[PDB]
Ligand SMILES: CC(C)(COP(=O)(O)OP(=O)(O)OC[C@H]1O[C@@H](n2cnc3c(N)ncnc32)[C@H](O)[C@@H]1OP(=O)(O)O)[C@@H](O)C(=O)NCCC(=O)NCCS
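Only one chain is given next, in structure tokens, and it is the form deposited without the named molecule.
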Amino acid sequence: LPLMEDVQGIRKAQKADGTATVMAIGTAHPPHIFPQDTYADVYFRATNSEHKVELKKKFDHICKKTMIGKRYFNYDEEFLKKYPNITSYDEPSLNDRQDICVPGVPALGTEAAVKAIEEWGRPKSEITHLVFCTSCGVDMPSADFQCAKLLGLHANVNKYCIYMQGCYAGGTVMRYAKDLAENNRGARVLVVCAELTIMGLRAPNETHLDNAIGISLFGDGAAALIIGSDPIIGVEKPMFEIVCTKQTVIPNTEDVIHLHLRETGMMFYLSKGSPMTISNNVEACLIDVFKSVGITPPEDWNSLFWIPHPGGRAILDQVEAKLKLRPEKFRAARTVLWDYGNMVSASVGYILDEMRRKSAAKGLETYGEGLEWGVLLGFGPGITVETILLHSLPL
């Protein structure tokens, strides 16, 4: 056994040299397409609420201004008929939601993980850490265990299960991955964000009007990333360096966005004013992430590339206005919101994928729209903001 003076030598040999880097991104979504134009008709039919005509035109109006074109779900109208308790308002339904989400979320997550590992090109045996993230379903052993099992990873992979961190969770996974990759030499972190919104699906009511915003917004999906420090030249393809990661809680705003897991499943609550709270405090979070690494914030926010969580059209519009950004800056985020809706923790992964793919297709200088520095933002319950400072690399 080594002496007291040898402990530091072990630490020096154990840690990685460089910055945690995104080197692969894979995405997946379930097969059932639900267009937004017909969503009011399909939802009110599936929930047997066709008699509530005045509540239907209210929901149709909300759906029409979401700037979401389609969403993907693990269910169709035929599947929902097998579970009448999920399609009702307050009937006991957690057991059925868990029966679907507990095995379903890691299954969907694994699909995205397979694509990320295939792009990466190295054997799955080289994955040392797994960070799984979901707000849909909880179990013991957890979703991380199930994902590792489905992928057939090594028995000694260090796993991290990020449960119920909502819409900011896509930022949280980058924060976790940064420390895991950088503090462990040779470590390759597989990040998986997967969500199945059936955990929150229910019938509309007059007392729960804020539930209508959630049903018009959330879609199913999964995103997976391979993150690691010290990229192997000629084998791996380094894209985004995770330089600084900070989580912030906005004071006196707990009553704004809150969700509870009850006997009726996930109960969504949203007060009028969330886009204002997020937009008014986003700049302070950005100045903080830049100051933490000694970089002077740019005079013009258009100088950076952006991956904002598409919590809704209003959140994107207000953050864009506050930071005085040109319409093309949030292009990648707007396309993902349109094509896929809000896929919870998986949305930012989809945007990061869209950004690097379009940058490579246009033949730009870097993966981050030809620009050097950028920010990935997560927004959710708290109100909590996850600010991830990224440095993009050349093609």
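Shifts are known only where both forms have a C-alpha. Between two forms, the rigid core is defined as the largest C-alpha subset superposing within 1.5 Å. The first residue of the sequence shown is number 1, and the count goes up from there.
Same protein, other form: the form solved in complex with the named molecule, not shown, and the subject of what follows.
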Next item on the list: May I ask you to decide between open and blocked for this site, after superimposing the site C-alphas so that the named molecule adopts its pose in the deposited bound form, counting ligand atoms within 2.4 Å of backbone or C-beta atoms with 3 as the threshold?
Entry: open
Notebook entry, point to check: Which one, 114-122, 82-90, 205-213, 291-299, holds residues whose non-hydrogen atoms are within 4.5 Å of the named molecule in the deposited bound form?
Noted result: 205-213
Notebook entry, point to check: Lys159 near the named molecule in the deposited bound form, any heavy atom under 4.5 Å?
Noted result: no
Notebook entry, point to check: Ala148: heavy atom within 4.5 Å of the named molecule in the deposited bound form?
Noted result: no
Margin query: Please determine whether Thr66 contacts the named molecule in the deposited bound form, using a 4.5 Å cut-off between heavy atoms.
Written below: yes
Notebook entry, point to check: Is there a non-hydrogen atom of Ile33 within 4.5 angstroms of a non-hydrogen atom of the named molecule in the deposited bound form?
Noted result: no
Next item on the list: Consider the chain as shown here, without its partner, and state which of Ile257, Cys136, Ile227, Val319 has a heavy atom within 4.5 Å of the named molecule in the deposited bound form.
Entry: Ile257
Margin query: To verify the annotation, which of these, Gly265, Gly104, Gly171, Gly311, has a non-hydrogen atom within 4.5 Å of the named molecule in the deposited bound form?
Written below: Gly311
Check: Which of the residues spanning 268-294 lie within 4.5 Å of the named molecule in the deposited bound form, based on heavy atoms?
Finding: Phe268, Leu270, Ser271, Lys272, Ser274, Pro275
Check: Can you list the runs of 3 or more residues whose CA atoms move by 2 Å or more between the shown form and the other one, with the rigid core superposed?
Finding: 1-5
